[PDB]
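These notes are about the structure you will find just below.
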Amino acid sequence: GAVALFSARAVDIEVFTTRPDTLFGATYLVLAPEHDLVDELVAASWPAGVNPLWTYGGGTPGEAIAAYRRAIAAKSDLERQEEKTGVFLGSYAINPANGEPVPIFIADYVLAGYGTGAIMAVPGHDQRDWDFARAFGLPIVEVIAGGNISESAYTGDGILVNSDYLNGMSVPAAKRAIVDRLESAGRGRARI
Ligand SMILES: CCOc1ccc(Br)c([C@@H](CN)OB2O[C@@H]3[C@H](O2)[C@@H](COP(=O)(O)O)O[C@H]3n2cnc3c(N)ncnc32)c1
């Protein structure tokens, strides 16, 4: 895999990914609810026109985040074993591949004590992210041709699309190219 940095649009969030080849399809970030950077990244107010599904019914991001943290504490092993929930922080990070802003969420599907405690979400190609994006109304972008992203996440090998300098490469070739690019920029590393 790889670790990669996403810059705050307004602080770097380090993610661990086994699919760095899919970087151009990362449409949002997810931090564990406990992640140390959450309180720092929480906006004072919601953006105008925010999707109500993203706000946990909280009047401000800080109120919604406290409510989410309190609510998920009422979950038992049963719930944690078994739907995608979560909350928008009101803030954005920059995707280092395409320079596009992506919204930052917390969600309990991301575990605090594993990897870096944060992920890049690629709904096109990770079913967990696909499910979350469908529930929240987040963009789902195909970057690996081979499947049908309107049906389910496509998790297999294929050919890079919608990925600029990666276009036409296989998954293994694209992983090497993007790690090379991350290293040249000082923004990522290959990691076991
Ligand atoms: C396993 C298939 O994963 C993927 C499959 C397809 C795609 Br496209 C991707 C991309 C976009 N999501 O990145 B994937 O998700 C991250 C990381 O790589 C992967 C690390 O899991 P492995 O340590 O067991 O190998 O799990 C996710 N992960 C990393 N840290 C995590 C954490 N703390 N909590 C929950 N999930 C985490 C991943």
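Just so it is clear, the values below take in all heavy atoms, side chains as well, and ignore hydrogens, waters and symmetry mates. The first residue of the sequence shown is numbered 1, and numbering continues consecutively from there. As the structure lists them, so they are numbered: ligands from 1, and atoms in each ligand from 1.
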Side chain, backbone, both or neither: the part of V15 lying under 4.0 Å from ligand 1 by heavy atom:
neither

Here the atoms of ligand 1 under 4.0 Å from any heavy atom belonging to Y109 are 35 (C)

Heavy-atom distances under 4.0 Å decide this one: backbone, side chain, both or neither, for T22 against ligand 1?
side chain

With heavy atoms of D129 as the reference, note each atom of ligand 1 found under 4.0 Å away.
11 (C), 12 (N)

Side chains of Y165 and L160: does their closest heavy-atom pair fall under 4.5 Å?
no

Do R187 and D12 have side chains that approach each other closer than 4.5 Å (heavy atoms only, starting at C-beta)?
yes

Considering only protein heavy atoms, which is closest to atom 17 (C) of ligand 1, and at what distance to one decimal place?
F16 O, 3.6 Å

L41 backbone acceptor or donor facing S91 side chain under 3.5 Å:
yes

So for ligand 1, is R19 a polar contact partner (N or O within less than 3.5 Å, distance only)?
no

For the pair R19 and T155, evaluate side chain to side chain donor-acceptor pair (under 3.5 Å) and give the outcome as yes or no after the intermediate values.
CA-CA 10 Å; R19 295 297 303 280; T155 71; over 6 Å; no

So is there a nitrogen or oxygen of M120 less than 3.5 Å from a nitrogen or oxygen in ligand 1?
yes

For atom 34 (N) of ligand 1, the closest protein heavy atom turns out to be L111 N, 3.0 Å

Option of least heavy-atom distance to atom 15 (O) of ligand 1 (set: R128, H35, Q127)
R128

Under-4.0 Å heavy-atom contact with ligand 1, by part of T18 that carries it
both

Who's the nearest protein heavy-atom neighbour of atom 24 (O) of ligand 1, and how far?
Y114 OH, 3.3 Å

From atom 5 (C) of ligand 1, work out which of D126, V30, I144 has a heavy atom at the shortest distance.
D126

For the student: nearest non-hydrogen atoms of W130 and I149, plus distance:
NE1-O, 2.9 Å

List ligand 1 atoms under 4.0 Å from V110, heavy atoms only on the residue side.
32 (C), 33 (N), 34 (N), 35 (C)

Should one rank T155, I119, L23 by closest heavy-atom distance to atom 30 (N) of ligand 1, which comes out on top?
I119

Would you mind checking which non-hydrogen protein atom is closest to atom 13 (O) of ligand 1, with the distance to 0.1 Å?
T17 OG1, 2.8 Å

Short question: side chain of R80, backbone of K75 - any donor-acceptor pair under 3.5 Å?
yes

Test your reading of the model: is there a side-chain donor-acceptor pair from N162 to the backbone of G25, 3.5 Å cut-off?
no

Any heavy-atom pair between the side chains of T27 and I140 that's under 4.5 Å?
no

Tell me if the aromatic rings of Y28 and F136 count as close, with their centers under 6.0 Å from one another.
no

N or O contact, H125 vs ligand 1, cut-off under 3.5 Å:
no

Look only at the side chain of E79 and the backbone of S76, and say whether a donor-acceptor pair between them is shorter than 3.5 Å.
yes

